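Undergrad: This is the content of run13.txt (compact mmCIF, C-alpha atoms (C1' of nucleotides) and all ligand atoms):
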# COMPACT_ATOMS: atom_id res chain seq x y z
CA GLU A 5 104.84 136.79 159.07
CA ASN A 6 104.86 136.41 162.86
CA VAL A 7 106.00 140.04 163.14
CA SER A 8 102.54 141.04 161.95
CA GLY A 9 101.02 138.72 164.55
CA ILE A 10 103.01 139.90 167.55
CA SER A 11 102.31 143.47 166.45
CA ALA A 12 98.53 142.93 166.39
CA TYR A 13 98.51 141.13 169.75
CA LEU A 14 100.58 143.91 171.34
CA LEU A 15 98.27 146.49 169.77
CA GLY A 16 95.30 144.80 171.42
CA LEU A 17 96.96 145.11 174.82
CA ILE A 18 97.91 148.74 174.08
CA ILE A 19 94.40 149.79 173.09
CA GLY A 20 93.03 147.68 175.91
CA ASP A 21 95.17 148.40 178.96
CA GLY A 22 97.40 151.23 177.80
CA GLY A 23 97.80 153.72 175.00
CA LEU A 24 99.77 155.78 172.54
CA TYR A 25 100.68 159.22 173.85
CA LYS A 26 102.22 162.14 171.95
CA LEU A 27 103.52 164.40 174.73
CA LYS A 28 104.66 168.00 174.43
CA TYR A 29 106.79 169.46 177.23
CA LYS A 30 108.46 172.66 178.34
CA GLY A 31 109.76 173.43 175.91
CA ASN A 32 109.54 172.69 173.15
CA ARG A 33 110.61 169.24 174.26
CA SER A 34 108.45 166.25 173.38
CA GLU A 35 108.04 162.49 173.83
CA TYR A 36 106.18 159.60 172.16
CA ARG A 37 105.22 156.71 174.45
CA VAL A 38 103.95 153.25 173.71
CA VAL A 39 102.45 152.04 176.98
CA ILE A 40 100.79 148.97 178.49
CA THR A 41 99.66 148.86 182.11
CA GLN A 42 99.00 145.81 184.27
CA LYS A 43 98.67 145.16 188.00
CA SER A 44 100.81 141.99 187.85
CA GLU A 45 104.55 142.49 187.59
CA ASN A 46 105.22 138.94 186.37
CA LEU A 47 102.79 139.32 183.47
CA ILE A 48 104.57 142.49 182.30
CA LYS A 49 108.17 141.30 182.82
CA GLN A 50 107.58 137.72 181.62
CA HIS A 51 104.93 137.78 178.88
CA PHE A 52 104.61 141.34 177.50
CA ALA A 53 108.13 142.82 177.63
CA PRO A 54 109.67 139.80 175.79
CA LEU A 55 107.17 140.22 172.91
CA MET A 56 107.80 143.97 172.79
CA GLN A 57 111.57 143.42 172.92
CA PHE A 58 111.44 141.09 169.94
CA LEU A 59 109.45 143.70 168.00
CA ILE A 60 111.84 146.46 169.09
CA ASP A 61 114.65 144.35 167.63
CA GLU A 62 112.94 143.50 164.34
CA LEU A 63 112.33 147.21 163.64
CA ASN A 64 115.77 148.42 164.74
CA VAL A 65 114.23 150.73 167.31
CA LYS A 66 116.71 151.36 170.04
CA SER A 67 114.55 152.75 172.69
CA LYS A 68 114.58 150.57 175.74
CA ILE A 69 111.65 148.86 177.44
CA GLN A 70 111.01 150.74 180.67
CA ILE A 71 109.01 149.13 183.48
CA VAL A 72 107.75 151.82 185.88
CA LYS A 73 106.10 150.88 189.18
CA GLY A 74 103.11 153.06 190.05
CA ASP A 75 100.77 153.08 193.03
CA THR A 76 98.12 150.86 191.46
CA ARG A 77 99.87 149.13 188.56
CA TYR A 78 103.03 148.56 186.57
CA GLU A 79 103.62 150.37 183.28
CA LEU A 80 105.49 148.80 180.39
CA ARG A 81 106.72 151.86 178.50
CA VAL A 82 108.68 152.38 175.26
CA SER A 83 109.67 155.99 174.60
CA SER A 84 110.09 155.95 170.81
CA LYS A 85 108.70 158.19 168.05
CA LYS A 86 109.15 155.38 165.52
CA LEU A 87 107.32 152.79 167.62
CA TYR A 88 104.55 155.28 168.34
CA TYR A 89 103.74 155.81 164.64
CA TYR A 90 104.21 152.12 163.90
CA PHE A 91 101.31 151.34 166.24
CA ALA A 92 99.29 154.48 165.48
CA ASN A 93 99.39 153.81 161.73
CA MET A 94 98.49 150.18 162.40
CA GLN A 95 95.45 151.37 164.39
CA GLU A 96 94.06 153.52 161.58
CA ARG A 97 94.49 150.65 159.08
CA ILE A 98 92.83 148.17 161.48
CA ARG A 99 89.85 147.18 159.28
CA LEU A 100 92.36 145.86 156.71
CA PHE A 101 93.78 143.25 159.13
CA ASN A 102 94.17 139.83 157.55
CA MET A 103 92.84 136.86 159.51
CA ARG A 104 96.11 136.04 161.31
CA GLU A 105 96.18 139.63 162.65
CA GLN A 106 92.46 139.48 163.52
CA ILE A 107 92.88 136.52 165.85
CA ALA A 108 95.99 138.08 167.38
CA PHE A 109 94.25 141.41 168.06
CA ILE A 110 91.14 139.83 169.60
CA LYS A 111 93.54 137.75 171.71
CA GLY A 112 95.34 140.75 173.20
CA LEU A 113 92.15 142.79 173.41
CA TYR A 114 90.62 139.91 175.39
CA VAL A 115 93.64 139.66 177.71
CA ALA A 116 93.34 143.38 178.46
CA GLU A 117 89.60 144.20 178.58
CA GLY A 118 88.16 140.68 178.70
CA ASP A 119 86.25 138.59 181.23
CA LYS A 120 89.23 136.63 182.52
CA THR A 121 87.21 133.91 184.29
CA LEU A 122 85.72 132.61 180.99
CA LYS A 123 82.60 131.52 182.89
CA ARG A 124 81.14 134.21 180.63
CA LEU A 125 82.87 135.54 177.50
CA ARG A 126 82.63 139.34 177.66
CA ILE A 127 84.77 142.29 176.61
CA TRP A 128 84.23 145.89 177.77
CA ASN A 129 85.13 149.21 176.15
CA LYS A 130 83.71 152.70 175.60
CA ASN A 131 84.62 152.55 171.89
CA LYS A 132 81.50 151.12 170.27
CA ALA A 133 82.97 151.32 166.77
CA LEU A 134 85.98 149.22 167.77
CA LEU A 135 83.68 146.56 169.27
CA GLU A 136 81.56 146.53 166.09
CA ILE A 137 84.71 145.86 164.05
CA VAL A 138 85.60 142.94 166.33
CA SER A 139 81.98 141.80 166.19
CA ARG A 140 82.07 141.49 162.39
CA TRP A 141 85.40 139.63 162.72
CA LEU A 142 83.90 137.16 165.19
CA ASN A 143 80.83 136.55 163.02
CA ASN A 144 82.95 135.80 159.94
CA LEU A 145 84.74 133.35 162.26
CA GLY A 146 81.43 131.78 163.27
CA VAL A 147 81.31 133.11 166.83
CA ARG A 148 77.90 134.64 167.44
CA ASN A 149 77.89 137.75 169.62
CA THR A 150 76.03 140.87 170.77
CA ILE A 151 76.78 144.47 171.81
CA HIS A 152 74.78 146.27 174.51
CA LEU A 153 75.44 149.25 176.78
CA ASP A 154 76.60 147.35 179.85
CA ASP A 155 77.34 150.39 182.04
CA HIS A 156 75.01 153.40 181.85
CA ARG A 157 77.04 155.28 184.52
CA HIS A 158 80.15 155.66 182.32
CA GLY A 159 78.90 154.73 178.85
CA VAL A 160 80.74 151.42 178.56
CA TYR A 161 79.50 148.93 175.99
CA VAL A 162 79.98 145.18 176.27
CA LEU A 163 80.56 142.65 173.54
CA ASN A 164 79.15 139.37 174.77
CA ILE A 165 80.28 136.19 173.06
CA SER A 166 77.38 133.78 172.88
CA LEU A 167 78.34 130.79 174.95
CA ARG A 168 76.86 128.48 172.27
CA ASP A 169 80.23 128.87 170.53
CA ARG A 170 82.43 128.96 173.66
CA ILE A 171 84.67 126.11 172.53
CA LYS A 172 84.95 127.56 169.02
CA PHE A 173 86.00 130.84 170.67
CA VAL A 174 88.50 129.53 173.23
CA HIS A 175 90.13 126.93 171.00
CA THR A 176 90.30 128.90 167.75
CA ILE A 177 91.08 132.43 168.95
CA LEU A 178 92.41 132.44 172.50
CA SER A 179 94.49 129.27 171.87
CA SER A 180 95.93 129.64 168.32
CA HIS A 181 99.67 128.80 167.94
CA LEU A 182 100.16 130.92 164.78
CA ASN A 183 100.92 134.02 167.03
CA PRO A 184 101.67 134.55 170.76
CA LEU A 185 99.78 132.54 173.40
CA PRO A 186 97.68 134.40 176.00
CA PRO A 187 98.07 134.07 179.84
CA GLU A 188 95.55 131.30 180.62
CA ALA A 189 95.49 129.73 177.13
CA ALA A 190 99.08 128.42 177.27
CA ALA A 191 97.65 126.20 180.07
CA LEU A 192 95.04 124.88 178.95
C1' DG B 1 64.68 123.22 186.34
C1' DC B 2 68.30 124.32 184.13
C1' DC B 3 71.02 127.59 181.00
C1' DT B 4 72.01 131.95 178.54
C1' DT B 5 72.42 136.78 178.88
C1' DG B 6 70.79 141.75 179.61
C1' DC B 7 71.29 144.84 183.47
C1' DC B 8 73.46 146.88 187.47
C1' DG B 9 76.37 148.53 191.49
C1' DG B 10 81.30 147.98 193.77
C1' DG B 11 85.75 149.50 193.50
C1' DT B 12 90.32 148.22 191.62
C1' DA B 13 93.16 147.77 187.93
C1' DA B 14 93.71 150.49 184.74
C1' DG B 15 94.81 154.72 181.80
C1' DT B 16 96.49 159.96 181.20
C1' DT B 17 99.58 163.74 181.56
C1' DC B 18 102.37 166.15 184.29
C1' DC B 19 107.45 166.44 186.35
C1' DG B 20 112.66 166.95 185.95
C1' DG B 21 116.40 164.97 183.90
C1' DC B 22 119.65 164.23 179.67
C1' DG B 23 121.44 163.86 174.56
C1' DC B 24 122.08 165.50 169.99
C1' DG B 25 122.23 168.50 165.45
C1' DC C 1 117.49 176.55 170.30
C1' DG C 2 114.58 172.65 168.84
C1' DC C 3 113.40 168.38 169.42
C1' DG C 4 113.43 163.47 171.17
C1' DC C 5 114.69 159.61 174.95
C1' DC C 6 114.85 158.45 180.37
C1' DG C 7 112.68 157.70 184.98
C1' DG C 8 109.14 158.95 188.17
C1' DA C 9 104.51 159.20 189.96
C1' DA C 10 100.21 161.91 190.84
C1' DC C 11 95.48 162.01 189.39
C1' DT C 12 90.50 160.07 187.71
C1' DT C 13 87.63 156.30 185.86
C1' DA C 14 86.91 152.55 182.66
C1' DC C 15 86.99 148.44 183.14
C1' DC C 16 86.07 143.71 185.23
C1' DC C 17 83.62 141.16 188.73
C1' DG C 18 79.89 138.85 190.09
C1' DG C 19 74.73 139.06 191.58
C1' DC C 20 69.98 139.03 190.00
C1' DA C 21 66.21 137.92 187.35
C1' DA C 22 63.84 137.60 182.92
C1' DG C 23 63.55 134.89 179.18
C1' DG C 24 64.35 130.27 176.28
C1' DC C 25 64.09 125.43 175.90
MN MN A 201 90.47 150.04 177.98
MN MN A 202 93.26 144.31 181.97
Let me see the structure of the file written as structure tokens.
TA:
Amino acid sequence: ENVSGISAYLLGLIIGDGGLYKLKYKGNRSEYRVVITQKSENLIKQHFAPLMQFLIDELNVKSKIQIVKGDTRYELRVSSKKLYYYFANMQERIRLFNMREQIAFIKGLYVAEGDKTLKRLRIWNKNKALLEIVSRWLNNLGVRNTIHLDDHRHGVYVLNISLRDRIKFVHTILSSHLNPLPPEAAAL
DNA sequence: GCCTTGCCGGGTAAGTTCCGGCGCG
DNA sequence: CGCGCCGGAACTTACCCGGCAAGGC
């Protein structure tokens, strides 16, 4: 559908490097933010914001894409109650992702929380249940993997891709053309 | 004599929630 | 009055990085 693919990729970034926030203010004002953060300004302005802007347009959401500069990172922010529930509802129906959405999610999840050097193929997160979902997805795709508690200080688990299948992983998932191409996959 | 990978500490690139605006029924 | 979009940025830590060494082949 391509809209389903971009959505799942973006969701991976959001759960990875950002989040969905339902704010309540004084009073009783409110706000619903869809947020991705990244240190690099080019990566937000050039690769993420275009994808989000396409999605904004295909759902007839007319919030704008805000790019806020913070002390330690840039924030791509959409203040929209409709876009918030679009992604929230997608997140609770995540085990029902078809295969096109599975590759797209793992892609964006790897961009956000993943070992960007690819010398090893690792992905970190405190959500063990979300990594077990991805683990089943990888297995059914023939990419063997493991989950251990990488960081005892903060309770962060790691999903390690076995390097046995490193070319299966990089060429099939990080490099698929059936949905948007990651930072270092579009070259290679 | 490699390679894979569990484990671990360093600290930065993330994440989270407050602020003060405005608009609209 | 009630609620939802802008634009900013302060406040902690969850990621990532990369070393080490144990275990396979
Ligand atoms: Mn994360
Ligand atoms: Mn990241």
Undergrad: Set the cut-off to 10 Å, count only C-alpha atoms (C1' of nucleotides) and all ligand atoms, and list whatever residues fall near ligand MN 201 (chain A) as a PyMOL selection string.
TA: (chain A and resi 16-23+113+116-118+127-131+160) or (chain B and resi 14-15) or (chain C and resi 14-15)
Undergrad: With all atoms listed in the file as the basis for distance, which of B:11, B:23, B:18, B:2 is at the shortest distance from chain A?
TA: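 Of all the options, B:18 lies closest to chain A.
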Undergrad: What is the CA of residue 37 in chain A-CA of residue 79 in chain A distance in Å, reported with one decimal?
TA: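 According to the coordinates, CA of residue 37 in chain A and CA of residue 79 in chain A are separated by 11.0 Å.
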Undergrad: Which residues of chain B are close to chain A, meaning at most 9 Å apart when you count only C-alpha atoms (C1' of nucleotides), and how do they look as a PyMOL selection string?
TA: chain B and resi 4-8+12-18
Undergrad: Taking all atoms listed in the file into account, report as a PyMOL selection string which residues of chain C lie within 8 Å of chain A.
TA: chain C and resi 2-5+7-9+14-16
Undergrad: If you keep C-alpha atoms (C1' of nucleotides), can you produce a file of those selected residues as an mmCIF file, in the coordinates of the input?
TA:
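Now in again.cif:
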data_model
loop_
_atom_site.group_PDB
_atom_site.id
_atom_site.type_symbol
_atom_site.label_atom_id
_atom_site.label_comp_id
_atom_site.auth_asym_id
_atom_site.auth_seq_id
_atom_site.Cartn_x
_atom_site.Cartn_y
_atom_site.Cartn_z
ATOM 1 C "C1'" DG C 2 114.580 172.650 168.840
ATOM 2 C "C1'" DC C 3 113.400 168.380 169.420
ATOM 3 C "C1'" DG C 4 113.430 163.470 171.170
ATOM 4 C "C1'" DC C 5 114.690 159.610 174.950
ATOM 5 C "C1'" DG C 7 112.680 157.700 184.980
ATOM 6 C "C1'" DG C 8 109.140 158.950 188.170
ATOM 7 C "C1'" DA C 9 104.510 159.200 189.960
ATOM 8 C "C1'" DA C 14 86.910 152.550 182.660
ATOM 9 C "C1'" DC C 15 86.990 148.440 183.140
ATOM 10 C "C1'" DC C 16 86.070 143.710 185.230
#
Undergrad: Working from the structure I just supplied, which lacks atoms in range 123-137 of chain A, can you model N, CA, C and O atoms there and output them as an mmCIF file, in the coordinates of the input?
TA:
data_model
loop_
_atom_site.group_PDB
_atom_site.id
_atom_site.type_symbol
_atom_site.label_atom_id
_atom_site.label_comp_id
_atom_site.auth_asym_id
_atom_site.auth_seq_id
_atom_site.Cartn_x
_atom_site.Cartn_y
_atom_site.Cartn_z
ATOM 1 N N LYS A 123 83.951 131.991 182.612
ATOM 2 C CA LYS A 123 82.600 131.520 182.890
ATOM 3 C C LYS A 123 81.596 132.214 181.970
ATOM 4 O O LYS A 123 80.690 131.569 181.429
ATOM 5 N N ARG A 124 81.768 133.513 181.745
ATOM 6 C CA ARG A 124 81.140 134.210 180.630
ATOM 7 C C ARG A 124 82.233 134.796 179.748
ATOM 8 O O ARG A 124 83.373 134.971 180.183
ATOM 9 N N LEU A 125 81.888 135.091 178.502
ATOM 10 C CA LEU A 125 82.870 135.540 177.500
ATOM 11 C C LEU A 125 82.506 136.964 177.058
ATOM 12 O O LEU A 125 81.787 137.168 176.075
ATOM 13 N N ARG A 126 83.024 137.945 177.797
ATOM 14 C CA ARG A 126 82.630 139.340 177.660
ATOM 15 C C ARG A 126 83.866 140.213 177.479
ATOM 16 O O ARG A 126 84.957 139.891 177.960
ATOM 17 N N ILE A 127 83.685 141.335 176.789
ATOM 18 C CA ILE A 127 84.770 142.290 176.610
ATOM 19 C C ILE A 127 84.185 143.704 176.649
ATOM 20 O O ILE A 127 83.202 143.996 175.966
ATOM 21 N N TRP A 128 84.768 144.563 177.484
ATOM 22 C CA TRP A 128 84.230 145.890 177.770
ATOM 23 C C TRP A 128 85.074 146.968 177.094
ATOM 24 O O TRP A 128 86.287 146.828 176.959
ATOM 25 N N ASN A 129 84.425 148.059 176.698
ATOM 26 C CA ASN A 129 85.130 149.210 176.150
ATOM 27 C C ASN A 129 84.139 150.332 175.842
ATOM 28 O O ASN A 129 82.984 150.061 175.482
ATOM 29 N N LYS A 130 84.575 151.593 175.970
ATOM 30 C CA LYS A 130 83.710 152.700 175.600
ATOM 31 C C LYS A 130 83.663 152.948 174.103
ATOM 32 O O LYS A 130 82.808 153.710 173.644
ATOM 33 N N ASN A 131 84.550 152.329 173.331
ATOM 34 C CA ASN A 131 84.620 152.550 171.890
ATOM 35 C C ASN A 131 83.683 151.576 171.181
ATOM 36 O O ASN A 131 84.051 150.438 170.874
ATOM 37 N N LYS A 132 82.457 152.026 170.897
ATOM 38 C CA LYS A 132 81.500 151.120 170.270
ATOM 39 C C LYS A 132 81.920 150.740 168.858
ATOM 40 O O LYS A 132 81.677 149.610 168.426
ATOM 41 N N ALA A 133 82.584 151.640 168.135
ATOM 42 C CA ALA A 133 82.970 151.320 166.770
ATOM 43 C C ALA A 133 84.060 150.246 166.735
ATOM 44 O O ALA A 133 84.091 149.401 165.830
ATOM 45 N N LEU A 134 84.963 150.263 167.711
ATOM 46 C CA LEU A 134 85.980 149.220 167.770
ATOM 47 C C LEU A 134 85.365 147.864 168.106
ATOM 48 O O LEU A 134 85.805 146.833 167.578
ATOM 49 N N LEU A 135 84.340 147.835 168.970
ATOM 50 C CA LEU A 135 83.680 146.560 169.270
ATOM 51 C C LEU A 135 82.858 146.060 168.086
ATOM 52 O O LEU A 135 82.725 144.844 167.906
ATOM 53 N N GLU A 136 82.308 146.966 167.271
ATOM 54 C CA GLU A 136 81.560 146.530 166.090
ATOM 55 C C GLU A 136 82.494 145.911 165.056
ATOM 56 O O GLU A 136 82.144 144.907 164.422
ATOM 57 N N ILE A 137 83.691 146.480 164.890
ATOM 58 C CA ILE A 137 84.710 145.860 164.050
ATOM 59 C C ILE A 137 84.974 144.424 164.502
ATOM 60 O O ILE A 137 84.883 143.470 163.716
#
